[PDB]
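[1] Test case, fold it:
(chains A and B)
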Amino acid sequence: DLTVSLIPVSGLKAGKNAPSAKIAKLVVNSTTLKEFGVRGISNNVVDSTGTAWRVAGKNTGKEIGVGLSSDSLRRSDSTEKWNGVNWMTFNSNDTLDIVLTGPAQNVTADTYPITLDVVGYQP
Amino acid sequence: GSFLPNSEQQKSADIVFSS
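    Numbers count the residues shown, from 1 in each chain, chains lettered A, B, ... in the order given. Next up is the structure itself:
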């Protein structure tokens, strides 16, 4: 099986953030599976692989753009299809960065939930 | 290759931006 941790970054400050500011760390470990696919889950997924999406603040409803970092995307092993559905795959026993996507974002002080789906892949 | 449907999991976390 897979052992998954999604770890929020400490010390994030409201206001103008750096481009690609790190906001969470995804940790996936396994003794049995060599790879995994991952997709973001929200009310507005914005690309064909589900690796960028938008999330809403609990107290304000304001949206921010989030996703895998450019560096993390370049570490993908492949993009595979599960009954026609794209999933980008990555090595198990590794970590990936979730970031604020695109150009610098001005983020309103709030709590923003992030949800990911992870599935084992045997290449 | 193949996906392992029994291994699929959803994981969530709260990201906090403070004033």
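
[2] Now the residue of chain A found nearest chain B: which helix or strand?
    Nearest to chain B in chain A, going by CB to the nearest CB, is residue A:120, at a distance of 3.5 Å. The way it works is simple: take the backbone N, C-alpha and C, and place the C-beta from them, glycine included. Assigned by DSSP states H and E, residue A:120 falls within strand A:110-122.

[3] Kindly report the same for residue A:5.
    Using DSSP H and E, residue A:5 maps to strand A:3-8.

[4] gap between that strand and the chain center?
    Distance of strand A:3-8 from the chain centroid (CA atoms, centre = their mean, to the nearest Å) equals 11 Å.

[5] That one: partners in the sheet, and parallel or antiparallel?
    Strand pairing for strand A:3-8, using DSSP bridges, gives strand A:22-29 (antiparallel).

[6] list the buried ones in the partner strand?
    Using 16 or more other CB atoms under 10 Å in any protein chain shown as the test for burial, strand A:22-29 gives A:23, A:24, A:26, A:28.
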